[PDB]
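# Here is my input; please provide its structure:
(6 chains, ligands or ions: 2)
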Protein chains: 6
Amino acid sequence: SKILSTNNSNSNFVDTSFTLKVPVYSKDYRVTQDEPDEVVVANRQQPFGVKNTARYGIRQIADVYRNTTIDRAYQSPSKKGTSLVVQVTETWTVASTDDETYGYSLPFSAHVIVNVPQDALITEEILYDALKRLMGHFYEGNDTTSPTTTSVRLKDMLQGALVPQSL
Amino acid sequence: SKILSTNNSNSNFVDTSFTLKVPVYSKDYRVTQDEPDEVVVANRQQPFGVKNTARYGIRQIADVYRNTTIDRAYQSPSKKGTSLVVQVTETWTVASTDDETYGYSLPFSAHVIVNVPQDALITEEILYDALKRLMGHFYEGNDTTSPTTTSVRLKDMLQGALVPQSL
Amino acid sequence: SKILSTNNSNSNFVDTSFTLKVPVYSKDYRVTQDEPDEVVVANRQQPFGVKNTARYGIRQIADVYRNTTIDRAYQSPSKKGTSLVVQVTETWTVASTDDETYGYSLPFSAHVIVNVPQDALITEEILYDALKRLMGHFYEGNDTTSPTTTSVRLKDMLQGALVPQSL
Amino acid sequence: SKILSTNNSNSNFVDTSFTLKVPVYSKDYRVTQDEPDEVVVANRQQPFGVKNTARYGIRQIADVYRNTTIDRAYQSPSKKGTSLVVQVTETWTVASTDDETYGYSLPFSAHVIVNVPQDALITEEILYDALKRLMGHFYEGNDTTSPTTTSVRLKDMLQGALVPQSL
Amino acid sequence: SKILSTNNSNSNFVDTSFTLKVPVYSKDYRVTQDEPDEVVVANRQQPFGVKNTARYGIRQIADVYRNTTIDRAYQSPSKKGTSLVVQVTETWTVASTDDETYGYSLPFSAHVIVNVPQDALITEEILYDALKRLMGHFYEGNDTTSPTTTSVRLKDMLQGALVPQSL
Amino acid sequence: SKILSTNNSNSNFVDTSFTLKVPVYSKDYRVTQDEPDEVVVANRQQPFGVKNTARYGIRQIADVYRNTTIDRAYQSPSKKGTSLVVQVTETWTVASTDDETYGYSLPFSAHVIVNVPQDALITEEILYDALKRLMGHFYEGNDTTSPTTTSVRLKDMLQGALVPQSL
Ligand SMILES: [Ca+2]
Ligand SMILES: [Ca+2]
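Residues are numbered from 1 along each chain as shown, chains lettered A, B, ... in the order given. Ligands and ions are numbered 1, 2, ... in the order given. The relevant structure is shown in the block below.
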C-alpha cells in the first residue's frame, strides 16, 4: 500500500475564519468563452460600464520537476502536471454623495494558480487544504497569546514590507 | 460623501466556510531572500529532503487601465497600481509500507496575484473581501435550499470541466 | 592627551526653540527595504493614495579631504569618512470644505546629509550640536535687541533671497 | 473653505527639545558669492587656517510629480516646484597638549534640501513644521512612559544600524 | 522504518565543558554583505582601528562521495550535499602601561567548514553533536582516573606536537 | 610591561553550554600517517565498513597580515604565523527495521582552521576562548529575556537563512 504525506504535520499554524462568498452561477453568470482549455464567464447583473468576469483555465505541465531541485533518484516516473488558473475581474466605481457628477471606474483583478502533479494519491481534499495553507500566508499567526490570534498583512505587503513581522 | 462601491450589491452569493491555516512565522520560517520587492522565506521545520518555501513580491503597475476594457474617466486620481504575489511551494513525499526502496517527491506550488489600483478609498477590508469573492469561484452555490448548499469545483476544473455545472 | 575643538567658541549665535516631533516607529512604521547600506521605512497609518516614507542611508567617503583645501601637512592619516542621509517623503492633500469632490495631492520631500570624518575624537554629542548649528541657518539672529531674538528666513530663501537680511 | 492637510493627524509623535544656534550674520558672516541662485557666506571670526562657510541655493523643479509615486490630479494648480539647499562647512582641529608638532584638521559638512511644490496653501509655518518632523527622525520616541522619552539615533545610523531599534 | 546511526555508540569519550559566548547580533553587529551564498557581518561597536567581522557561507556539493572511500554499491541514491563555512576575524591590540606610544595590532582569524549530505535523516541535533565531537579533538581524554579528566592540546599542536600523548 | 587585549571587553554575549565528547585515543585510535606537518589518526574499533578518521595539520604562515586591512605602521615586527587544521571524518549508516537488505552509508566531514600569529602574548587560554567565540556563531543570543536564552542556527544556515534573526 502506497501512502502520500504532505509533511505539514510538523508546521505550526493558527486557524482563522475566512468566509467565502460563493457565486450562484445560474442566477448571475453567462458564458463568454468555451474554449477547450479556457472558459470565460461574465456577470449579467452589471451595467455596461461595469465589467465583472471570471476566467477558468488549465495548462499541461511538461516536466513538473523542471524548475525544482528534487534529485532524479526521487522523481516520480510520471512527470506530467496540471496548472489551473482562476481569475476574477471586477470594476469598482467611485462617486460622491454630494455631487452626482463626480465618478470614475477602477479596475481590479486577481487570480490563483495551482500546479498539481498528476498522481493518483493527490486528492481533492488535499488540494483544498493546500489552498487553505496558501491563503493563510495573507495573515500572521501568534501562538504567544493564550488564545491563539492572527493579524492581517495584505496592506503591509502591498506597501513593500514583504518580510513578516514575526521575523 | 465619497463612496467606493464594488458593485457586487446585485450579485447573488452563498456563504461557505474556508478555515485558513495561518503560519506562526516566528516558529517555522526564516528569511532566504530579503530584496526590496521580493522576499523568500523557508520553513525551518522540514527535513533536508523536503523543501517548503513562501515568496512575497510586489511590482509597480504603470497603467492599471491599459489591458482592461475600462478606461480612465477625467477625474481619476491616478493610473498607478501595485501588483502583489504570494506563492507557496511544498514538497510532498510518496513512500511504501511494503518496500523501503520505493519513494519519490512531488513538487506542489501555488500562488495568488492581486492588482490593486492606487486610490485611497480602496481599504484593506475591501481587498480581503475581494479575495473572499475570488476564492469563492472554487465552489458553486445554490440559493434554492433552505440552508444554502455549496459544491466543489477544483477537481472538475483540473479535469477540464471549466464551465460551472450550474450553467 | 589629544583634544578636538570645533572652533565655534568665537562665533555669535542666538538660541531658539525648535521642538521636534519624533516618530514612534513601533506604532507607525514598517520596513520596506533592508539593504546593508540603505533602509526604507513606510508609514502604515496612511491610506493608499498618501505615501509617507523615510530613508536612512550611509555611503563611505574615500578621501574626506578630496574637495577641501586643507594643506596636506595638516591632514589626518585616516582620510576615510562616512556620509549619512536621512530623507522624509510626505504626501499632502488639498480639499474643500464646501466641495467634497475638489482635491489633489502634493508631494513633499526633504533630506539631511551629514559628512563625518572617521576620527575617534568626534562624538555623538558633537555631531548633534553640529546639526543644531546647521538647522540654525534657517533663521537670523539679532543680538541688537535687549532680549536676543530670531526671525525666520525659509520663505525668503525659497523666493530667491539667499543672502541674510543682516548683511 | 480650501484646506491643506499634511495628513500627519494619525501619526504618533513625541516632542523633544532641539535648541538651535542661529547665527548673528551681521557680526560673523560676509558674502563670498552673490550669484542669483547660489550664495556663499564665510565666517569672519575664524583664523586663517580654519574655514567656516555656509551656502544657500535654490533650483527650479520642472515637475514635482515626476520621480514620485504620486501623480497630478486634474485640478492641481501647477507641477512647478522649488528646491532649497542650506549647507554648512566647518573645519575642526585636533591638537596635542604633549606635542606642539602634532595636529591636523578635520573637514565637516552637512546640508538640508527641501522640495516645496508651488501651491499657495503651503505656508512658511507648514514648511518649518515639516522640517521639525524631518529632524525628528534623528531620534526614536516612546508613547509608553508617562513623561514621553526619546533616545538618539545618529550614532547607530552612522554605524550602519539604519533600522530604528523600535522596529 | 529507516534509521540513521553515527556508529559512535561504542567509541569512548570524556565530556568536558566548553561554554560558548553567543553574539547578540541586534546590539553588536550590522550586515556588510548580503549575497545569496555569502553573508558578511561586522561589529559596529568596535573602535575604528579594530575590525571585528564574521562570514557565513554555503557552497553546494556536487558529489559528497567524491573524496571518500565508499564504494558506489554502498552510496545513497542522492549525491547532493551542502558545505557551510563560519569564519570569524578579530583584531587584538598590544600596548604598554608605561608607554602610550608603544603598540601594534595582531590579526586573528579562524573558521569552521561543515560538509553535510542532504539526507532527511540527518537532523540538526545530529549535526551539532558532530560539531561537539569535532571540537573535542582540541583536547585529550583520560578515563582511567577516578574523575574523568581532559587536558588541552591547542598550543601543543600549534607547536608541532600533533600526535596525542595517549598515542 | 606589555599587555594584549582581544577588544571583546565591550561586546555583548550570552553563554550557552556545549559539552565536548573528547576522545580516549589510547582505547579507540591508531596512527595512520606520522608526518612532521600532518598526522592522520583512525578509529580501529569501528567495523570495516565504517571509517572514522581525524587529521591534524600545521602549515606555516609567511605574512599573517597578507589578507588583512592592517596598515604596515600598525603591524608587529614579526609577520610569522602558524595555521592549524583539525579535520574529522565519520561514516554514518542508514538501515531499516523491517528490511535487512535496505541501507546505505552517508559520509560526514568537518574541519576547523585556526590562524595564530606567533606572538608570545597570545596564550593557550586566549586561543581556546577565541574558539569558544567562534563556535558561538552557530547560535543566536537573546539577552533581553529574563533568563538569557540562545537558539540554534546550524540548520537555518544550511538551508540558506544566513543572516541572523536579530539583524
Ligand atoms: Ca540585498
Ligand atoms: Ca555675478
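
# beta partners for residue A:22?
Counting by DSSP bridges, residue A:22 is bridged to residue B:14.

# my guess is it meets residue B:18, correct?
No. Counting by Cβ atoms under 8 Å, residue A:22 sits too far from residue B:18 to count as a contact (9.4 Å). C-betas here are computed from N, CA, C, even on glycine.

# Chain neighbours aside, what residue packs nearest to the residue nearest in space to the middle of chain A?
The residue lying closest to the centre of chain A (Cα atoms, centre = their mean) is residue A:112, at 3.4 Å. Sequence neighbours aside, residue A:86 is the residue nearest to residue A:112 in space, at 4.8 Å (criterion: Cβ to Cβ, 6 or more residues apart in numbering or on different chains).

# Confirm that the one you found lies within a strand, as I assumed.
Yes. Looking at residue A:86 with DSSP: H, G, I helix; E, B strand; the rest coil, it is inside a strand.

# Give the burial count for it, as a bare number.
23 (other Cβ atoms under 10 Å in any protein chain shown).

# can you pull the contacts of the closest residue to residue A:143 other than its chain neighbours?
Take residue A:143 and drop its neighbours on the chain: the residue closest to it by Cβ to Cβ, 6+ apart is residue B:24, 5.0 Å away. Contacts here follow Cβ atoms under 8 Å, 6 or more residues apart in numbering or on different chains; on that basis residue B:24 touches A:12, A:13, A:14, A:141, A:142, A:143, A:166.

# Now, of those residues, which are buried?
Neighbour counting over the contacts of residue B:24 (16 or more other Cβ atoms under 10 Å in any protein chain shown) leaves A:12, A:13, A:14, A:141, A:142, A:166 as the buried ones.

# Select, from these, the two members most distant in space.
Using Cβ to Cβ, the buried ones among the contacts of residue B:24 span at most 12.7 Å, a distance reached by A:13 and A:166.

# now the closest residue to residue A:164 other than its chain neighbours: how far from residue A:134?
Spatially, and ignoring its direct neighbours in sequence, residue A:164 is nearest to residue B:25 (4.1 Å; Cβ to Cβ, 6+ apart). Applying Cβ to Cβ, to the nearest Å, the value for residue B:25 to residue A:134 is 15 Å.

# Residue A:97 too?
For residue A:97 relative to residue A:134 (Cβ to Cβ), the value is 39 Å.

# same check, this time on residue A:127
As judged by Cβ to Cβ, residue A:127 and residue A:134 stand 10 Å apart.

# One more: residue A:27?
Distance, residue A:27 to residue A:134, by Cβ to Cβ: 29 Å.

# just residue A:90 next, same as before
21 Å.

# partners of the helix or strand where residue A:109 lies in the sheet?
Counting by DSSP states H and E, the element that carries residue A:109 is strand A:103-117. Strand A:103-117 has the following strand partners under DSSP bridges: strand A:81-96 (antiparallel), strand B:103-117 (antiparallel).

# got the angle between the helix or strand just after it and strand A:81-96?
Scanning forward in sequence from strand A:103-117 by DSSP H and E, the next helix or strand is helix A:124-135. Orientation note: helix A:124-135 sits at an angle of 50 degrees relative to strand A:81-96 (axes from the mean of the first three to the mean of the last three Cα atoms, to 10 degrees).

# if we can go back for a sec, so who does the residue nearest to residue A:112 touch?
Counting by Cβ under 8 Å, 6+ apart, residue A:86 makes contact with A:54, A:55, A:56, A:111, A:112, B:134, B:137, B:138, B:157.

# quick one: contacts for the fourth one?
Residues touching residue A:111, when contacts are defined by Cβ under 8 Å, 6+ apart, comprise A:55, A:85, A:86, A:87, A:88, B:112, B:113, B:134.

# Could you identify the most distant pair in the residues you listed?
Among those, A:55 and B:112 lie farthest apart (Cβ to Cβ), at 14.6 Å.

# Switch the contacts of residue A:111 over to CSV; also include distance to residue F:32.
Output for these, formatted as CSV (distance: Cβ to Cβ, whole Å):
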residue, distance to residue F:32
A:55, 68
A:85, 61
A:86, 64
A:87, 66
A:88, 69
B:112, 58
B:113, 60
B:134, 66
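
# just those now: which is nearest residue A:35?
Among those, residue A:55 lies closest to residue A:35 (Cβ to Cβ), at 10.7 Å.

# got the residues of chain A near chain F?
For chain A, the residues found near chain F under the criterion Cβ under 8 Å from any Cβ of the partner chain are residue A:167.

# residues of stretch A:33-53 that come out buried?
A:39, A:40, A:41, A:42, A:43, A:45, A:46, A:50, A:51, A:52, A:53.

# From those, which land in helices?
Using DSSP state H, no member of those falls within helices.

# Rebuild these as a markdown table, extending it with distance to residue E:151.
Below are the buried residues of stretch A:33-53 laid out as a markdown table (distance: Cβ to Cβ, whole Å):
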| residue | distance to residue E:151 |
| --- | --- |
| A:39 | 78 |
| A:40 | 79 |
| A:41 | 80 |
| A:42 | 83 |
| A:43 | 82 |
| A:45 | 86 |
| A:46 | 85 |
| A:50 | 84 |
| A:51 | 82 |
| A:52 | 80 |
| A:53 | 79 |
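
# Near chain B, list only the ones from these.
Contacts with chain B within the buried residues of stretch A:33-53, counted by Cβ under 8 Å from any Cβ: A:39, A:41, A:43, A:45, A:46, A:50, A:51, A:52.

# So the third one is in contact with residue A:32, correct?
No. Residue A:43 is not in contact with residue A:32 according to Cβ under 8 Å; the separation is 10.1 Å.

# partners of residue A:107 in the sheet?
residue A:91.

# Look at it and say how many residues are nearby.
Residues within reach of residue A:107, counting by other Cβ under 10 Å, total 21.

# contacting residues around whichever residue of chain A sits closest to chain F?
Closest approach between chain A and chain F, counting by Cβ to the nearest Cβ: residue A:167, at 6.6 Å. Residues counted as contacts of residue A:167 (Cβ under 8 Å, 6+ apart) are B:25, B:26, B:29, B:30, B:31, B:41, F:165.

# any common contacting residues for residue A:43 and residue A:32?
Common contacts of residue A:43 and residue A:32, defined by Cβ under 8 Å, 6+ apart, comprise residue A:53.

# near chain B at all, the helix or strand where residue A:3 lies?
Assigning secondary structure by DSSP H and E places residue A:3 in strand A:2-5. Yes. Residues of strand A:2-5 are located near chain B by Cβ under 8 Å from any Cβ, namely A:2, A:3, A:4, A:5.

# The second one pairs with what?
According to DSSP bridges, residue B:95 are recorded as the beta-bridge partners of residue A:3.
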